[PDB]
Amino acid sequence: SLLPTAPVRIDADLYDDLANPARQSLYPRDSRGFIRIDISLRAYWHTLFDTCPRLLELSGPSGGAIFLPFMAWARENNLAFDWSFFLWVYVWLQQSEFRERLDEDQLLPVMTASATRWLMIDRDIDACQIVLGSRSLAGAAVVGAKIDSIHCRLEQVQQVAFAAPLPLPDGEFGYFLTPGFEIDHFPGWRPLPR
């Protein structure tokens, strides 16, 4: 009835493989570890594609032609899977078989997703807004504000246009953090974490 924990016993034995689809088959199909890894992996899959469904028009319905090669690439470059997650998928996309089909209809959802994830998960008390820049979005930025009123009718992520032009970031993306809910003085872009 129960599924055997097979080569392992506790979640701590599985930590290293929780985000590595290529090493999942090394566990028995009937084993509980295989299932536990599958749940962690589908969590990665769904965070990526539920939030950015237009990426599946590239991969196809299973997402595999993005999911597998990107997960392998994130381990190779030791990415943190931080709020930048989506931005790094787009970066990977720019060097993939799909690089010719990227346009702003694909860029803006991944920018909105990273801005959304920062403002939901970041816990730096001194950072109130994230500002995202991209070489494919001149003069504007994507800003993520942390919730500061239970009664806000607007979206927490907005595309803001700058009156004074902005330097294109050095890489595809750049970001900076804002201590309050205004933007005065441009401190320069920082490159993506990890």
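Numbering starts at 1 and follows the sequence shown.
Exercise. Look over 43 to 51 and 22 to 30 in the entry and identify the one with the greater average Cα temperature factor.
Key: Here the higher of the two C-alpha B-factor means belongs to 22 to 30.
Quiz item: Should the higher mean CA B-factor in the entry be assigned to 71 to 79 or to 111 to 119?
Solution: Of 111 to 119 and 71 to 79, the stretch with the higher C-alpha B-factor average is 71 to 79.
Quiz item: Going by the entry, which of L132, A145, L137, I66 has the most elevated CA B factor?
Solution: Comparing C-alpha B-factors across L132, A145, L137, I66, the maximum falls on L137.
Quiz item: Lowest, middle or highest third: where is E172 by Cα B-factor in its chain?
Solution: According to the entry, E172 has a C-alpha B-factor in the chain's middle third.
Exercise. Quick one: classify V89 as lowest, middle or highest third of the chain based on its Cα B-factor.
Key: Answer is lowest: the recorded C-alpha B-factor places it there.
Quiz item: Hey, what third does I183 fall into on Cα B-factor, ranked over its chain?
Solution: Ranked within chain, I183 CA B lands in the highest tercile.
Quiz item: Considering only modelled residues of the same chain, in which third does the CA B-factor of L58 rank: lowest, middle or highest?
Solution: It falls in the bottom third of the chain.
Practice problem: Pull the Cα B-factor of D11 out of the PDB entry and bin it into the chain's lowest, middle or highest third. | Solution: According to the entry, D11 has a C-alpha B-factor in the chain's lowest third.
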